[PDB]
Every structure is written in C-alpha cells, then in structure tokens.
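Okay, so here's the structure we're looking at.
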Amino acid sequence: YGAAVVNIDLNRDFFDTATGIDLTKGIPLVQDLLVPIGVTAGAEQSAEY
Amino acid sequence: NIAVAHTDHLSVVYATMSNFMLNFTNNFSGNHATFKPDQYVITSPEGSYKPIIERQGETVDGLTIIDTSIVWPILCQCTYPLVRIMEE
Amino acid sequence: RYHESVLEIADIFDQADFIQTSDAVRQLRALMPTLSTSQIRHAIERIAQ
Numbered sequence: 005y006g007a008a009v010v011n012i013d014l015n016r017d018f019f020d021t022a023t024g025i026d027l028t029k030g031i032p033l034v035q036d037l038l039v040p041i042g043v044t045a046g047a048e049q050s051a052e053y
Numbered sequence: 002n003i004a005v006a007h008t009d010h011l012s013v014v015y016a017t018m019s020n021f022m023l024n025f026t027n028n029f030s031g032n033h034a035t036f037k038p039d040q041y042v043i044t045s046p047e048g049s050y051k052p053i054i055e056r057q058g059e060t061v062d063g064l065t066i067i068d069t070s071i072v073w074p075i076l077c078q079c080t081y082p083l084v085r086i087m088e089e
Numbered sequence: 002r003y004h005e006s007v008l009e010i011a012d013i014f015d016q017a018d019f020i021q022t023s024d025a026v027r028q029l030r031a032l033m034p035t036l037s038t039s040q041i042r043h044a045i046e047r048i049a050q
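Residue numbers (my numbering), protein chains in the order written: chain L, 5 to 53; chain W, 2 to 89; chain F, 2 to 50.
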C-alpha cells in the first residue's frame with residue numbers, strides 16, 4: 005500500500021556494473037565506447053545511451 | 002586511420018584560410034588539364050616590365066623548392082586532434 | 002535540379018548473414034555519432050575491456 009508509481013526497468017542485478025552499464029538514470033549508459041570526436045566536453049554524454 | 006583528421010578538420014582550416022585578406026590570387030581551379038594562373042605585369046609605355054609571377058629559380062627565402070617527401074611524416078608520423086580519445 | 006544524399010549499403014543490400022538490416026540495428030545506428038575508424042576501434046577496445 006502506498007506505492008506511488010511502478011515502472012518496468014532494466015534489471016540492474018543482471019546488467020551489473022561489471023557490464024559497464026549504469027542504469028540508475030533509467031537508461032543504460034556505458035561510458036567511453038562510442039564517444040564522438042571534435043565536440044566540446046560533455047557533448048559525449050548522449051552517445052553513452 | 003588519419004583521413005577523418007584530414008577531411009573533417011583540416012579541410013575547414015583550408016576553407017577559412019582561403020578567405021584571409023592576403024590570399025588574393027586564384028591558386029588552382031581543381032582541374033589540372035586546363036588550369037593556368039592569371040598572369041599580370043606592371044608595365045609602362047616608358048618601358049618598364051614587371052611580371053608578378055616569374056621564374057627565377059631557388060631563392061634565399063626557401064619557399065621556391067618543394068620537398069614532396071613531406072607527405073610521409075604527415076601519414077606515418079603525425080598526431081592529430083581528431084586522432085586521437087577526445088580532445089578540444 | 003537534384004539532391005545529393007548518402008545511401009547506406011543496408012539501403013541497397015539486404016542479405017541475412019551478409020548485412021544486418023534489422024530495423025532495430027538500423028535505428029540503433031541512426032542514434033550513432035558520425036564515426037571514424039579510430040572510434041570504431043575504440044569501441045571494440047572498450048567492449049574488450
């Protein structure tokens with residue numbers, strides 16, 4: 005009782021940090037894989053998706 | 002491995018350098034078969050004749066002669082900002 | 002009167018074990034930043050990491 009909202013997330017227990025994935029934001033986010041060239045710092049972040 | 006650094010970066014450097022105030026001549030039209038420089042002289046009835054472009058051979062400045070071997074370091078031994086991992 | 006445009010090999014060939022042309026992989030590539038071969042190599046080296 006009182007559960008405000010119930011989502012269907014990717015399983016962090018399965019897609020562990022050992023996978024390099026970071027699910028806390030609600031999307032997978034693997035750093036330093038498909039990083040773009042020739043852009044300002046912080047512009048890499050969308051490619052983490 | 003380096004072609005992106007040439008086409009997707011250095012090319013802009015050419016594109017902007019081409020608009021510089023002092024690059025006033027038309028250096029090349031993209032067609033080897035037909036291109037020739039426009040050629041001019043200061044000249045007077047009084048008798049002066051001063052070609053702007055002229056062939057005098059090697060000069061003290063060291064601009065006249067070209068070592069084409071410069072291409073090798075450009076390929077086989079030069080880093081670029083694009084390659085590589087991210088650089089501003 | 003024309004329009005220059007890119008044409009992916011997947012927009013031409015559609016062979017099952019030659020060219021992956023699943024709409025999933027397609028839209029996944031649609032997400033990707035423009036890539037150089039050094040970037041691709043970096044992606045591989047990351048997955049290996």
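Yeah, the Cβ is synthetic: ideal placement off N, Cα and C, and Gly gets one too.
Spatially closest choice to residue i from the options, by CA coordinates
i, options, result
"residue 12 of chain F", "F/32, F/18, F/24, F/3", "F/24"
"residue 12 of chain L", "L/49, L/28, L/24, L/5", "L/28"
"residue 50 of chain F", "L/10, L/6, L/25, L/5", "L/25"
"residue 88 of chain W", "L/53, L/35, L/45", "L/45"
"residue 14 of chain L", "L/7, L/8, L/33, L/6", "L/33"
"residue 10 of chain L", "L/30, L/49, L/18", "L/30"
"residue 65 of chain W", "W/55, W/74, W/73", "W/55"
"residue 48 of chain F", "L/23, L/48, L/47", "L/23"
"residue 53 of chain W", "W/62, W/38, W/79", "W/38"
Inter-residue CB distance, residue i and residue j (contact presumed, cutoff 8 Å)
i, j, result
"residue 43 of chain F", "residue 86 of chain W", "5 Å"
"residue 29 of chain W", "residue 36 of chain W", "6 Å"
"residue 7 of chain W", "residue 82 of chain W", "Contact flag wrong, Cβ pair sits at about 12 Å."
"residue 32 of chain F", "residue 53 of chain L", "7 Å"
"residue 24 of chain W", "residue 18 of chain W", "7 Å"
heavy atom of the ligand ADP below 7 Å from residue i C-beta
i, result
"residue 35 of chain W", "In the structure on display, the ligand ADP does not appear, and there are no ligands present to speak of."
Burial state of residue i (16 or more Cβ within 10 Å)
i, result
"residue 51 of chain L", "buried"
"residue 5 of chain W", "buried"
"residue 13 of chain W", "exposed"
"residue 46 of chain F", "exposed"
"residue 40 of chain F", "buried"
"residue 7 of chain F", "exposed"
"residue 26 of chain F", "exposed"
"residue 47 of chain W", "exposed"
"residue 59 of chain W", "exposed"
"residue 48 of chain L", "buried"
"residue 84 of chain W", "buried"
| said: When you compare the segment 36-45 of chain L with the segment 28-46 of chain F, are there three or more beta-carbon pairs, one atom per stretch, that lie closer than 8 Å? | reply: Proximity of the segment 36-45 of chain L to the segment 28-46 of chain F meets the contact definition, three or more beta-carbon pairs being nearer than 8 Å.
| said: Check whether the segment 58-70 of chain W and the segment 36-48 of chain W touch, using three or more Cβ-Cβ pairs below 8 Å as the test. | reply: Judged by Cβ distances under 8 Å, the segment 58-70 of chain W makes no contact with the segment 36-48 of chain W, as fewer than three pairs qualify.
| request: Mind listing, in chain order, the continuous beta strand (DSSP E) runs of no fewer than 3 residues lying wholly within the segment 34-87 of chain W? | output: Every beta strand (DSSP E) of 3 residues or more that sits fully in the segment 34-87 of chain W is shown, in chain order, as 42-44, 50-52.
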